[PDB]
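J.: Take a look at the following structure, please.
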Amino acid sequence: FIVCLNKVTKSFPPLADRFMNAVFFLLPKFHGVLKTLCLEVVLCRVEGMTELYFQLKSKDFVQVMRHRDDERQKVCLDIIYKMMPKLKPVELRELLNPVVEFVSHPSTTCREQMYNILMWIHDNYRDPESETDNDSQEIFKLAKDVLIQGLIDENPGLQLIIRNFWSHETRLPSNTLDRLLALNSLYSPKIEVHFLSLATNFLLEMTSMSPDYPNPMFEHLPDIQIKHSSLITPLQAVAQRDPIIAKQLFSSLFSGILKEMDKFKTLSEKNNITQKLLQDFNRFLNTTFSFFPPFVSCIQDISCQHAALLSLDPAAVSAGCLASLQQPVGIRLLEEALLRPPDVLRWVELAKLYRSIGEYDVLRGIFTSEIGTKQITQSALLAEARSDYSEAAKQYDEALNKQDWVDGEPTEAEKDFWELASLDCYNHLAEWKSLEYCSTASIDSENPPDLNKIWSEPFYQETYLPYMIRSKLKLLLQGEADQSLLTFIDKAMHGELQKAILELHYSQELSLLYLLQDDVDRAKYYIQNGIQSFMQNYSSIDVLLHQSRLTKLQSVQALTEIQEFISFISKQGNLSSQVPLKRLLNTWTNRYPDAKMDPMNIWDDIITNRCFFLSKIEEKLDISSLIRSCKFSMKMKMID
Amino acid sequence: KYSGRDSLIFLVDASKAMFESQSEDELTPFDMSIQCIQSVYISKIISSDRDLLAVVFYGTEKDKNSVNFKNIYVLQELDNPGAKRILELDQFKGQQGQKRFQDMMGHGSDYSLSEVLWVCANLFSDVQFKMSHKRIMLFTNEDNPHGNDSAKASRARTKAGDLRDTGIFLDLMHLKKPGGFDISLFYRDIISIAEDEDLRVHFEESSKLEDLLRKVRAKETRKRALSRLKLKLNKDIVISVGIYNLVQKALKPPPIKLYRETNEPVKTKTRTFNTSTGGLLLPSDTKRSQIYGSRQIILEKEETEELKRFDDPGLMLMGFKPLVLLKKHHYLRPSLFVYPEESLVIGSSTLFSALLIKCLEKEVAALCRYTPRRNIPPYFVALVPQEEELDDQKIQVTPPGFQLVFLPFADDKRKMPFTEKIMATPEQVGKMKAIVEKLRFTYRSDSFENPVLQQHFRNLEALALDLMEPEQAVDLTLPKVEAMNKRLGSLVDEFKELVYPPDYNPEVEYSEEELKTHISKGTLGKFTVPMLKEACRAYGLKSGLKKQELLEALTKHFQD
């Protein structure tokens, strides 16, 4: 019946009007191509009938869309396009969710129909901006988000269509300055890898209507001097290829337009434009999630070269530079901003930036003149400057607990610096027990619940989490049965708020924890992930930023030592006999982190890891007063 | 057709007048409807436990449906009837049940009468199985739901016509309430069964709801071929027929073993275990056997089925016999039915029809040799031509075709003892005739129900819905002794005096020494079989059941 009806109505739309109820009745009884025939029959007559949404909702029309079938999905999008002009906003909001989870779909015809219905839904829901309904202002926002995500898709014809639609008038103004201002409204942090190339493409596409394409010189085979269009077009073709030249081009265009506005504008309006640009840049730095090095660098660079954009949020700058490993540009921006109260915040952010790339001398230098203005802080920092990490931490904690100091009531920033420096000083010394209590005694009362309290106000994760986890780990490998991360880590492997953060940075620690309670199959994966993360971090670091690449490089010794231990334990061949153990001990005692060149944190990592590996080996199998002899020799080398 | 399952959707009103009723002993119509739906559920779960039933209250304050519609509630969706589904419904019976419904559902909240019909069609369209029939009963105590708004009436009529076109037949079982109006009104063009009736305006009683014959708690509906055989008129000319059974003994479903601790079914595993030496045995080292006296006959498994094979499966015609030679006394098995089928041989129906016509024209019955399966011995059958009989309502009661009649062999006929022929006389045969005429009876096939099956089904209902006591079935096969005695009169005593003479009323402890002494005493007398059995069992000797077995074995072994 349905086959014959579709065949008849393929050329005769007027029929099947009397069979609409019947075909709707049999619609949910099919699962194969007959369902596609039913939807096609429905598609034949959509305009001449009403109350269609009720019937589709009754027949779970939303669910059948999500099934993977090219013809069925295309027909579903087609009927949606046809019946959408008669829809209602409340129903359109429900209908919008299943069609937007479709951008990652192959068969670009479906995407083309998608973007067609989205262009329609964007043109009619633009609205005169009068407050009419929340749904009318929500479906438009959801659709606009998806449309920008369509600027980076494959099938360059579809991308060209979307670009033409976006660059048309009444959406992106043809005026140069207005277009530049409105380009910031098209961020869509879902796409930013190509954002600079697309922005400069939109900026330089308008110049093709410009009435200037002659030879921009007088010609004089010695010279082939040629018109403008032969220089702009290759510039764009190379800008959209790699990001560095695109960043340079966008920065230069921004600077040029900003400089040229000064003629055709007034100061009162100039202030509004600058404030809008600053707000847009703040939104850029706040909403960004996959921090792009060149994009962040370009934003901070154009910010640095303008007196109006120097007031950019220091917390956002610090977070972006730390996450994208682009410290120097943010450092320069903050230093320039500090050259013309909300000043200790800038100093705090600058200290946080400098600490990341070493240069501890400059850190201590700025932790005296600006942060401080007391007498205990100067003495503590002077003690810490020389290799004396006992008096400094002692007097830091003495100054931390006090009801005295009625001579100024030390500021909050100085107290935070006191706590952080005390933690750092405890880390330089081998006082992990003393470090853990003081690191965890800043979020709650005695016996604090280190659970979702650090995972709140991410400053906690930034400051106390690494020291606390390192202290607990080191204490556990010392030999103390004080298991508290095991439950914490195990229940932290849920969601992204406690796993992605715990895997982006801490991977060697996770590998040690997992091979601690032996499930070495996961420890191997964790250590490979850690090596890959280190490789990515090194790749992102500059080439002339010394004392920062060295710091990242000094951990490859520990990484390789743990990897070699995992390989040694996995193969049972080395477990038998004693010559593999003798060879391993000979190799380990031959290569050392050279003295007078490596700070003691690397020494402690290496020695503790080696001692723990020896202890773990001394559970499955002379081989005594020899393993202990190697341990004693390693510790003696540590002392020397 | 065969695999289709009938489906049913109820539609109970919940209006204000639907709840409030006259203040007497008569049930409120809501309780009547709930009791009737419960009865339909009970009838349809014991009989054909594969149909789909669902109940959709309309007019409620709440709402539950696939598409959000006001004042329509789908208490249950289409599924097989279950005990929990019945128990979910009986909580609305009575005044306390009425209050429970009011606090859980509500009443009033004027409806549309169209969205309810749309909802019913939705569940009808949501089934992934076949749909043999689609029906919607409309329990209502009102006949003119609308009239103040013609648009709603028109929409309801259009939706009803659409449902009828789709293949949905609704029939309202009208409820009668005090007043004077249940008139044929805006429901007449909606009843898609459109049952024939006088359509009398001034109905003053409950409508066709007692027609349910509530709780007909015994049925198992099915139609199947049961065989597909070839009727060989000769060696080379054969026709293909099917062998249906019209009447077949009904048995209660077999019990299922259960694990007591968890109340879950336990699978069984029957396997011939070792020979006290360990291991398992093949179907190839276990031959069948029989013993006759001292001779043991050993015979293989396949050879056992080989000795009972005579003919290939089919009906070998062997001649025609007059109907007057088929005596009524001879009867072995229920009579089967033959119909011409055209799946194995094309053209069987025409020859079959010609044979039937010319066989019932000459009042003769075909005689055949019947072999239903591969290895069954032949059994003669007289194919009696059964002519189609139809009622005035165009309803078939005896479908046309041939009917098997198993003729018994001489082995299956038993011989009676000699009896002396003593004949009655007039003047009491007349009295017997008067009594018989005074005890008239129009026997019908749909007269009696199996009392054992009825009691078992009622017990199961009581054990599945904790009715606190099983329903006592009225035993329809019990004679109405008092009523028939009163109807008879005093002529029974005239009978009794006439023939019956005046004086005719018609109405352990045993041990070694006692057995050693008793074998010489030789009685083993008042010694009972129960104690011989326990002696032979507890002592360990082989034992049987007949007395002589033990009396010989114990005597021969105990002394010798």
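Numbering starts fresh at 1 for the residues of each chain in the structure tokens, the chains themselves are lettered A, B, ... in the order given, and ligands are numbered from 1 as they appear.
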With 12 Å as the cut-off and only C-alpha atoms counted, what is the closest atom pair between each nearby residue of chain A and chain B? Distances in Å to one decimal, ordered by chain and number, as CSV.

T.:
residue,atom,partner,partner_atom,distance
A:18,CA,B:162,CA,9.9
A:19,CA,B:166,CA,9.5
A:20,CA,B:162,CA,10.4
A:21,CA,B:162,CA,7.4
A:22,CA,B:166,CA,6.1
A:23,CA,B:166,CA,9.7
A:24,CA,B:125,CA,8.7
A:25,CA,B:125,CA,5.5
A:26,CA,B:125,CA,6.9
A:27,CA,B:125,CA,8.4
A:28,CA,B:126,CA,6.5
A:29,CA,B:128,CA,6.0
A:30,CA,B:128,CA,8.7
A:31,CA,B:128,CA,10.3
A:53,CA,B:67,CA,10.5
A:54,CA,B:67,CA,7.2
A:55,CA,B:67,CA,8.8
A:56,CA,B:67,CA,10.0
A:57,CA,B:67,CA,7.0
A:58,CA,B:67,CA,5.8
A:59,CA,B:126,CA,8.1
A:60,CA,B:66,CA,9.4

J.: Could you pull the residues within 9 Å of segment 582-585 of chain A, counting only C-alpha atoms, minus those fewer than 3 positions along the same chain, as a ChimeraX atom specification?

T.: /A:578-579,588-590,623,627,630

J.: Any chance you could list, as a ChimeraX atom specification, the residues in segment 386-599 of chain A that come up helix (DSSP H, G or I) when DSSP is run on the backbone?

T.: /A:391-400,412-428,432-440,459-478,485-492,500-504,508-516,520-540,549-553,556-570,572-575,579-590

J.: I want to know what sits within 8 Å of segment 292-295 of chain A, based on only C-alpha atoms, with residues of the same chain fewer than 2 positions away left out; could you give that as a ChimeraX atom specification?

T.: /A:192-193,196,243-244,247,290,297-299,324-326

J.: Write out as a ChimeraX atom specification all residues of segment 194-288 of chain B that backbone DSSP assigns to strand (DSSP E).

T.: /B:228-232,238-245,288

J.: I need the chosen residues saved as a compact mmCIF listing (two decimals), in the first residue's frame, with N, CA, C and O atoms.

T.:
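Wrote result.txt, looks like this:
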# COMPACT_ATOMS: atom_id res chain seq x y z
N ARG B 228 -1.75 -31.77 7.19
CA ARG B 228 -1.92 -31.44 5.78
C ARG B 228 -1.61 -32.72 5.00
O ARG B 228 -0.45 -33.00 4.69
N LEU B 229 -2.65 -33.49 4.71
CA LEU B 229 -2.50 -34.82 4.15
C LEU B 229 -2.98 -34.86 2.71
O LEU B 229 -3.60 -33.93 2.20
N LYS B 230 -2.67 -35.97 2.05
CA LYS B 230 -3.06 -36.22 0.67
C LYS B 230 -4.12 -37.31 0.65
O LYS B 230 -3.94 -38.36 1.28
N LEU B 231 -5.22 -37.06 -0.05
CA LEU B 231 -6.29 -38.03 -0.18
C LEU B 231 -6.14 -38.74 -1.52
O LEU B 231 -6.44 -38.17 -2.57
N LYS B 232 -5.67 -39.98 -1.48
CA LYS B 232 -5.37 -40.74 -2.69
C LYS B 232 -6.62 -41.50 -3.12
O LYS B 232 -6.96 -42.53 -2.54
N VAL B 238 -4.14 -37.94 -6.66
CA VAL B 238 -4.18 -37.56 -5.25
C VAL B 238 -4.62 -36.11 -5.13
O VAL B 238 -4.33 -35.28 -6.00
N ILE B 239 -5.33 -35.81 -4.05
CA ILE B 239 -5.74 -34.45 -3.73
C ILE B 239 -5.26 -34.14 -2.31
O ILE B 239 -5.00 -35.03 -1.51
N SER B 240 -5.15 -32.85 -2.01
CA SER B 240 -4.59 -32.38 -0.75
C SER B 240 -5.68 -31.77 0.10
O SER B 240 -6.39 -30.86 -0.34
N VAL B 241 -5.81 -32.25 1.34
CA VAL B 241 -6.82 -31.78 2.27
C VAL B 241 -6.17 -31.52 3.63
O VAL B 241 -5.09 -32.02 3.93
N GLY B 242 -6.86 -30.73 4.44
CA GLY B 242 -6.42 -30.44 5.80
C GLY B 242 -7.37 -31.07 6.80
O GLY B 242 -8.56 -31.22 6.53
N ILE B 243 -6.83 -31.44 7.95
CA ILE B 243 -7.56 -32.22 8.95
C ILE B 243 -7.68 -31.37 10.20
O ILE B 243 -6.80 -31.39 11.07
N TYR B 244 -8.77 -30.62 10.32
CA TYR B 244 -9.02 -29.82 11.50
C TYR B 244 -9.82 -30.63 12.53
O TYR B 244 -10.43 -31.64 12.21
N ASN B 245 -9.80 -30.15 13.77
CA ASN B 245 -10.59 -30.74 14.84
C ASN B 245 -11.58 -29.69 15.34
O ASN B 245 -11.19 -28.58 15.68
N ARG B 288 16.20 -51.11 23.65
CA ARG B 288 14.93 -51.42 24.28
C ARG B 288 14.80 -52.92 24.51
O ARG B 288 15.46 -53.73 23.85

J.: So how far away is atom CA of residue 543 of chain B from atom CA of residue 272 of chain B, in Å?

T.: 24.1 Å

J.: Interatomic distance between atom CA of residue 518 of chain A and atom CA of residue 491 of chain A?

T.: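 Separation of atom CA of residue 518 of chain A and atom CA of residue 491 of chain A: 18.0 Å.
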
J.: What does the structure give for the distance between atom CA of residue 48 of chain B and atom CA of residue 221 of chain B, in Å to one decimal?

T.: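 Answer for the atom CA of residue 48 of chain B to atom CA of residue 221 of chain B separation: 6.2 Å.
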
J.: Can you tell me, as a PDB file with N, CA, C and O atoms, in the first residue's frame, what residues are no more than 8 Å from segment 486-491 of chain B when counting only C-alpha atoms, ignoring any on the same chain fewer than 6 positions away?

T.:
ATOM      1  N   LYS B 431     -47.062 -43.689  31.514  1.00  0.00           N
ATOM      2  CA  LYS B 431     -46.664 -42.879  32.661  1.00  0.00           C
ATOM      3  C   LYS B 431     -45.254 -42.334  32.480  1.00  0.00           C
ATOM      4  O   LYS B 431     -44.984 -41.161  32.765  1.00  0.00           O
ATOM      5  N   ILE B 435     -44.041 -38.418  32.337  1.00  0.00           N
ATOM      6  CA  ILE B 435     -42.939 -37.849  33.114  1.00  0.00           C
ATOM      7  C   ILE B 435     -41.936 -37.170  32.194  1.00  0.00           C
ATOM      8  O   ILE B 435     -41.499 -36.041  32.444  1.00  0.00           O
ATOM      9  N   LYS B 438     -43.096 -34.038  30.904  1.00  0.00           N
ATOM     10  CA  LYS B 438     -43.076 -33.057  31.979  1.00  0.00           C
ATOM     11  C   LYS B 438     -41.673 -32.568  32.303  1.00  0.00           C
ATOM     12  O   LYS B 438     -41.524 -31.665  33.134  1.00  0.00           O
ATOM     13  N   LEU B 439     -40.649 -33.133  31.671  1.00  0.00           N
ATOM     14  CA  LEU B 439     -39.255 -32.786  31.920  1.00  0.00           C
ATOM     15  C   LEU B 439     -38.575 -32.375  30.621  1.00  0.00           C
ATOM     16  O   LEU B 439     -37.480 -32.832  30.287  1.00  0.00           O
TER      17      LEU B 439
END

J.: Any idea what's packed within 8 Å of residue 134 of chain B, counting only C-alpha atoms, ignoring anything in its chain fewer than 2 positions away? Could you give it as a ChimeraX atom specification?

T.: /B:6-8,124,131-132,136,167-169

J.: For residue 398 of chain B, work out the shell of residues within 10 Å, counting only C-alpha atoms and skipping chain neighbours fewer than 4 positions away, then give it as a PDB file with N, CA, C and O atoms, in the first residue's frame.

T.:
ATOM      1  N   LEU B 246     -12.857 -30.057  15.371  1.00  0.00           N
ATOM      2  CA  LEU B 246     -13.874 -29.099  15.780  1.00  0.00           C
ATOM      3  C   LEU B 246     -14.074 -29.075  17.288  1.00  0.00           C
ATOM      4  O   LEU B 246     -14.289 -28.004  17.862  1.00  0.00           O
ATOM      5  N   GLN B 386     -20.647 -33.717   5.411  1.00  0.00           N
ATOM      6  CA  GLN B 386     -21.382 -32.787   6.260  1.00  0.00           C
ATOM      7  C   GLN B 386     -21.754 -31.561   5.435  1.00  0.00           C
ATOM      8  O   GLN B 386     -20.885 -30.781   5.039  1.00  0.00           O
ATOM      9  N   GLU B 387     -23.046 -31.397   5.176  1.00  0.00           N
ATOM     10  CA  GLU B 387     -23.529 -30.285   4.372  1.00  0.00           C
ATOM     11  C   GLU B 387     -23.575 -29.009   5.200  1.00  0.00           C
ATOM     12  O   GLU B 387     -23.916 -29.034   6.385  1.00  0.00           O
ATOM     13  N   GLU B 388     -23.224 -27.890   4.569  1.00  0.00           N
ATOM     14  CA  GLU B 388     -23.198 -26.609   5.262  1.00  0.00           C
ATOM     15  C   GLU B 388     -24.587 -26.218   5.746  1.00  0.00           C
ATOM     16  O   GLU B 388     -25.567 -26.305   5.001  1.00  0.00           O
ATOM     17  N   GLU B 389     -24.667 -25.778   6.999  1.00  0.00           N
ATOM     18  CA  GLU B 389     -25.900 -25.276   7.588  1.00  0.00           C
ATOM     19  C   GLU B 389     -25.660 -23.859   8.084  1.00  0.00           C
ATOM     20  O   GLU B 389     -24.660 -23.593   8.755  1.00  0.00           O
ATOM     21  N   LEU B 390     -26.578 -22.957   7.754  1.00  0.00           N
ATOM     22  CA  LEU B 390     -26.416 -21.542   8.047  1.00  0.00           C
ATOM     23  C   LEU B 390     -27.687 -20.992   8.675  1.00  0.00           C
ATOM     24  O   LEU B 390     -28.796 -21.425   8.355  1.00  0.00           O
ATOM     25  N   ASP B 391     -27.511 -20.032   9.576  1.00  0.00           N
ATOM     26  CA  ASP B 391     -28.630 -19.367  10.223  1.00  0.00           C
ATOM     27  C   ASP B 391     -29.145 -18.221   9.357  1.00  0.00           C
ATOM     28  O   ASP B 391     -28.545 -17.848   8.347  1.00  0.00           O
TER      29      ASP B 391
END

J.: If we count only C-alpha atoms, what is near residue 248 of chain B at a cut-off of 10 Å, once residues fewer than 5 positions away on the same chain are taken out, given as a VMD selection string?

T.: chain B and resid 333 to 336
